[PDB]
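Peer 1: Got a sequence here, can you build the structure:
(chains A, B, C, D and E)
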Amino acid sequence: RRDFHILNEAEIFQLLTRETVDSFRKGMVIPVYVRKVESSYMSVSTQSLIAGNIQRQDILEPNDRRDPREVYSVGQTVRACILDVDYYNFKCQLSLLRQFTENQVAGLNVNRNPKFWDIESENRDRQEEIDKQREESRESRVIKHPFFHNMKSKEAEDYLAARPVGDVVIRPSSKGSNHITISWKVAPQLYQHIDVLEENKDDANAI
Amino acid sequence: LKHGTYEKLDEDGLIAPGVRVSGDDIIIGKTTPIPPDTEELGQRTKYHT
Amino acid sequence: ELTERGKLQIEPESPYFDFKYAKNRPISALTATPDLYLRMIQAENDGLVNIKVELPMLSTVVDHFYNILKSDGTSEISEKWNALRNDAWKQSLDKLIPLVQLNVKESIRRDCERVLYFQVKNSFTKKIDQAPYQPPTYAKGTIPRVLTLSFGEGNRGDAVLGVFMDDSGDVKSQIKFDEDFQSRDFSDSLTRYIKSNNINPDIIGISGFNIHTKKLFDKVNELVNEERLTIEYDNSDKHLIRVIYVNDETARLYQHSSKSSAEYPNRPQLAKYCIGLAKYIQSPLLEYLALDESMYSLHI
Amino acid sequence: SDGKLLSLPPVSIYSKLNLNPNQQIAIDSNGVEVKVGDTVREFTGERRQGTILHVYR
RNA sequence: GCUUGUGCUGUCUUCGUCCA
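Peer 2: Residues are numbered from 1 along each chain as shown, chains lettered A, B, ... in the order given. The coordinates are given below.
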């Protein structure tokens, strides 16, 4: 048999942190835990007890001029991106810049060659799911007013048809819950719909 | 332990006269022995007796 | 192909995402990567995906067999006969295709399974192929006297346990260090245990469950480098006693096995873990054998 | 974590993964911290919802 | 980075307080 096998840096790291070198390397986003906040750096801890630090250039955005302590405090965990890993010393440096924490989405290295990958199908499914995300729900509006009636434009005109000239009805507007359509009889078989824009609304159903 | 504070007790477990006390403070510190558990496994003498 | 279940369940993080839209993958290259085909089959069995085998030149074979079968007549009667023959031939192809697809699928499945079986065999052999640690100035195969030190986790209240075993494989003495491992008292007590009691271990093993064990390893290495704790050699550059990390799958499984409890009814779990580490250093093969059924659950 | 089911003897299992709240931490898509027992809803897919039982990676 | 401490009997007896 071969002599006793001595663990190396990668094997020792995997044994201690129970995290593989592949799953913990450059270009990965992990929810680290803030442990100490300082003006020039922030000391954070990962899930696997790996102590990390970030130099002041990356805790806050380059455009912002605030203080690290005001924005982030102890116990406020944030997402971070791995920049460097000291496997021997179990030390890592992180970045809070959104160019890493947000843009890194397709982190897999799957070969997307059109000859062997159906890019068109994945794209089509992508707009399908994005349109599904765009899909929402809407409901009717209820208002309490003596001259308010939940009628269509033609319905309001027909309701005012049986009434003499000058009678007024109020119905929801098609421009949104912040708009109100008022229909009044200008003349026999002649009606005017006037849109009213609402400001400082307490509620969608409120006036 | 009681939820009060033990910081007003002296070395002998008795409070000293002249000390202002409030409700739920500990004025007499007393302990009763308990057979130790298997915590002697890996506790550095920090096991409840 | 993807079913609706496949359309919804294959996420960018799921292992099935590697072949969510694969197309025209060569069969001959599959045998070199058996796990991809195995995972495709597993996803198919889950009702998510559908695997299809197709030939670019299927029309070529159909036309060639038709030309062999078709008649050379040109009359409208011959045209009707040729049409009937071609339609029956197309129906025969429709019936025949699924069976051939299934046969080819089974053949590739067997090939990939055999390849992965051989790969797992080689990985296990590599895992279990290691002779016991050879102390210096001794021939290979000699069983060394070993000392294991461990504390497990390193939280406030984590004493360091020490277990020493001789070359005979029988436990000789177990000691507790109840002071802080960073104190001078810990180092002095460890030095006294190492030297005064004539223990003279050939190699010292250190292991744990987290990164806190690294500091203990560094402290022990510094102590060894400072006190010049050279190995006793039976009757001159005396060599230092080696301190290394120890793989502890077998130790972790041994600390929970009832075999240790029957063997050591009055010992802590950490003592059993240290004994398992020491036995693994003495003889990895026997420790791997001791797993019995739990050896199959090892990450091979 | 993969989504499959296994059957193993109690001995074969390594040990329980005792994790403190300082270790068992979850962050949602928007970056707001979510703790144990909270109710969240899947952003896409089946868009299901439920209470968090355990957080790992 | 050293991190904070949650739990109380029971049964008699007596003497009292406010109405009655």
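
Peer 1: Would you mind listing what in chain D touches chain C?
Peer 2: Counting by C-beta under 8 Å from any C-beta of the partner chain, chain D comes close to chain C at D:2, D:3, D:8, D:9, D:11, D:12, D:14, D:15, D:45, D:46. In short, each C-beta sits where N, CA and C put it, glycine included.

Peer 1: which residue does chain B bring closest to chain A?
Peer 2: Closest residue of chain B to chain A, C-beta to the nearest C-beta: residue B:42 (18.2 Å).

Peer 1: Go through chain C and flag its longest helix.
Peer 2: What stands out as the longest helix in chain C, according to DSSP state H, is helix C:76-128.

Peer 1: And that helix, what does it pack against?
Peer 2: In terms of contacts (3 or more C-beta pairs under 8 Å, 6 or more residues apart in numbering or on different chains; DSSP states H and E), helix C:76-128 is packed against helix C:34-45, helix C:58-69, helix C:284-290.

Peer 1: and chain C, which residues reach chain D?
Peer 2: For chain C, the residues in contact with chain D (C-beta under 8 Å from any C-beta) are C:8-9, C:11, C:14-15, C:252-253, C:256-258, C:293-294, C:296-297.

Peer 1: circling back: any chance of the residues of chain D next to chain C in TSV, plus neighbour count?
Peer 2: Listed next are these as TSV, based on neighbours: other C-beta atoms under 10 Å in any protein chain shown:
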residue	neighbour count
D:2	8
D:3	10
D:8	11
D:9	9
D:11	15
D:12	17
D:14	12
D:15	10
D:45	11
D:46	8
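
Peer 1: between those residues, which is closest to chain B?
Peer 2: Distance to chain B, by C-beta to the nearest C-beta, is smallest for residue D:15 among the residues of chain D next to chain C, at 14.5 Å.

Peer 1: Could you grab the helix/strand/coil label for the closest one?
Peer 2: Per DSSP: H, G, I helix; E, B strand; the rest coil, the secondary structure class of residue D:15 is coil.

Peer 1: okay, now the closest residue to it other than its chain neighbours: neighbour count?
Peer 2: Distance criterion C-beta to C-beta, 6 or more residues apart in numbering or on different chains; nearest residue to residue D:15, sequence neighbours excluded, is residue C:252 at 6.9 Å. By other C-beta atoms under 10 Å in any protein chain shown, the residues close to residue C:252 number 18.

Peer 1: Kindly report the same for residue C:231.
Peer 2: Residues within reach of residue C:231, counting by other C-beta under 10 Å, total 18.

Peer 1: Residues of chain B that sit close to chain C?
Peer 2: Contact residues, chain B versus chain C (C-beta under 8 Å from any C-beta): B:38, B:40, B:41, B:42, B:43, B:44, B:45, B:46.

Peer 1: Let's see that with 10 Å instead.
Peer 2: Residues of chain B that fall close to chain C, judged by C-beta under 10 Å from any C-beta of the partner chain: B:38, B:39, B:40, B:41, B:42, B:43, B:44, B:45, B:46, B:47.

Peer 1: Quick check on the third one: phi, psi?
Peer 2: Phi and psi for residue B:40, reported as degrees, to the nearest 10, are phi -60, psi 0.

Peer 1: my guess is it contacts residue C:266, does it?
Peer 2: No: using C-beta atoms under 10 Å, residue B:40 is not in contact with residue C:266; the gap is 11.7 Å.

Peer 1: Would you confirm that residue A:203 contacts residue A:178?
Peer 2: No: if you go by C-beta under 10 Å, residue A:203 and residue A:178 don't touch, sitting 11.2 Å apart.

Peer 1: and these two? which has more neighbours close in?
Peer 2: Using other C-beta under 10 Å as the criterion, residue A:203 and residue A:178 rank with residue A:178 on top: 12 against 8.

Peer 1: The closest residue to the more buried one other than its chain neighbours: what's it in contact with?
Peer 2: Distances taken as C-beta to C-beta, 6+ apart put residue A:198 closest to residue A:178, at 4.7 Å, once the chain neighbours are dropped. Contact analysis of residue A:198 by C-beta atoms under 10 Å, 6 or more residues apart in numbering or on different chains lists A:173, A:176, A:177, A:178, A:179, A:180, A:204, A:206, A:207.

Peer 1: Out of these, which comes closest to residue A:92?
Peer 2: residue A:204 (48.7 Å; C-beta to C-beta).

Peer 1: so who does the residue lying farthest from the centre of chain D touch?
Peer 2: Residue farthest from the centre of chain D, counting by C-alpha atoms, centre = their mean, is residue D:11 at 23.7 Å. Residues in contact with residue D:11 (C-beta under 10 Å, 6+ apart) are C:253, C:256, C:257, C:258, C:259, C:291, C:292, C:293, C:294, C:297.

Peer 1: Perfect, that will be all.
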